[PDB]
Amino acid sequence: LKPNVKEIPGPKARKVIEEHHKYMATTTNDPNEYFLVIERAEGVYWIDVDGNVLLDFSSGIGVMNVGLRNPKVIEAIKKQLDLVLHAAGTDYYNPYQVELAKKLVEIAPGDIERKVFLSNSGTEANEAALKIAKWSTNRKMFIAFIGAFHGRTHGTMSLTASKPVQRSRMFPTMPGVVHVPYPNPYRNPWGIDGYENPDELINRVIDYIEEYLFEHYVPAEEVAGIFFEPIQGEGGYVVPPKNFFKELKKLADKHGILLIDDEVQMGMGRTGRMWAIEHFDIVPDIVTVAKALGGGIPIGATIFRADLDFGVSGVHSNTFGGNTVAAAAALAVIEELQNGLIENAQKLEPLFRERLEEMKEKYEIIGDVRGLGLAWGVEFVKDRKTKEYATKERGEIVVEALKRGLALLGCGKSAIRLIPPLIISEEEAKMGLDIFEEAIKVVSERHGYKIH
């Protein structure tokens, strides 16, 4: 199996795309932009409906970090289909979910007292995390960061501030969320070159929260929780300065406010550590996780400081959570991660770092490259000084990449996210990076961007 795409969209793929519009809601699908109709997968390759074969650099939106069809994960589901699928894990008990909870507690950030709530997705996780914070603190408000994307349900909508379309005629969602600039070292309201000047940018963010919220309109003692992603994912895959969460805890702790680390995307080994937050050297009180945890099965988890746990029964619960198939799959994923995959993403870090700083130098359309492990984001600006978003160009590059057999996804207004399965070999990476470049190169020539 090598990349091989004779034509796309194919007659079969064209018929699915017609049908999908007949019977399915307008979500985030894009007929022209993302005409990829998957029928099966193998290793790091999607096999489409018309037979075209594409190297994967999307990993099912980060859902698959172990691979697109992990053997150990399908054996674990098969083995768990034999005993029990569902055991109402919130009314009755079952050991599988307890085995997962104990494992999740174990691998949590830091070395502190933890408990675990189970969910079916990242939005449910972050909904959980909200209630848990509301209950334990008896405070009702929350800080999130502009660019953050925590979900699409009425709690997480409030928290999510990536695209105003997300909240189109949704107002009002859950009250008490206030937003401040994320320390985005490429776009922040201060013009600050956050790579050259990280402490200057860290300070401006903190100084905003302290001086322009707490001192004016936000009672600091009324804030349950600060919600952050350790790398904004949907927000264009943004890496904030190394010493940012350390400075943020300092300010959190000074007003007895919870830190909530949304690792729905950047967790499960993606950045060459179990959790994204470790690189930033802080122990979050609540850690939410989903996507990659279920290795292709729907699963969500909320990991928290044990003393934050719900006083009484019937505050929160869910029928679906605690499903055995998902828990069987999860334990297996975490085993795959600990036994090779997490080391592999640290191994391929310097390869994506060199090859993308190569592309930075050469293609003037690229404004910024950034990432950790196998979590990368290239943002494409029309003009480097102006930093205007090349949204149209980004779409063209993805389409071009798809034509050449590379599967990519667009995060943010003007960037593309490289997130292959953590199983990818050195020879499968160089292939993706080679294809990716050739996509930029074509679209660069097409529009008269310099090529140094």
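Residue numbers here begin at 1 and follow the sequence given.
Next item on the list: May I ask you to compare 86-94 and 366-374 by their mean CA B factor in the entry and name the higher one?
Entry: Here the higher of the two C-alpha B-factor means belongs to 86-94.
Check: Between 343-351 and 127-135, which has the higher average C-alpha B-factor in the PDB entry?
Finding: Result: 343-351.
Notebook entry, point to check: Whose C-alpha has the highest temperature factor in the PDB entry: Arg169, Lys140, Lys79, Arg152?
Noted result: That would be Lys79.
Item checked: Residue with highest C-alpha B-factor in the PDB entry, from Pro284, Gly256, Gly321, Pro181 -> It is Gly321.
Note to self: Looking at the temperature factor on the CA atom of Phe310, which third of the chain's modelled residues does it land in?
What the structure shows: Highest third.
Notebook entry, point to check: C-alpha B factor of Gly294, ranked within the chain: lowest, middle or highest third?
Noted result: It belongs to the middle third of the chain when residues are ordered by C-alpha B-factor.
Check: Which third, lowest, middle or highest, does the CA B-factor of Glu75 fall in along this chain?
Finding: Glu75: CA B-factor falls in the highest third of its chain.
Check: In terms of the chain's CA B-factor thirds, is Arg114 lowest, middle or highest?
Finding: According to the entry, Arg114 has a C-alpha B-factor in the chain's middle third.
Next item on the list: Going by the recorded CA B-factors, say which third of the chain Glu221 sits in, lowest, middle or highest.
Entry: Its C-alpha B-factor belongs to the lowest third of this chain's values.
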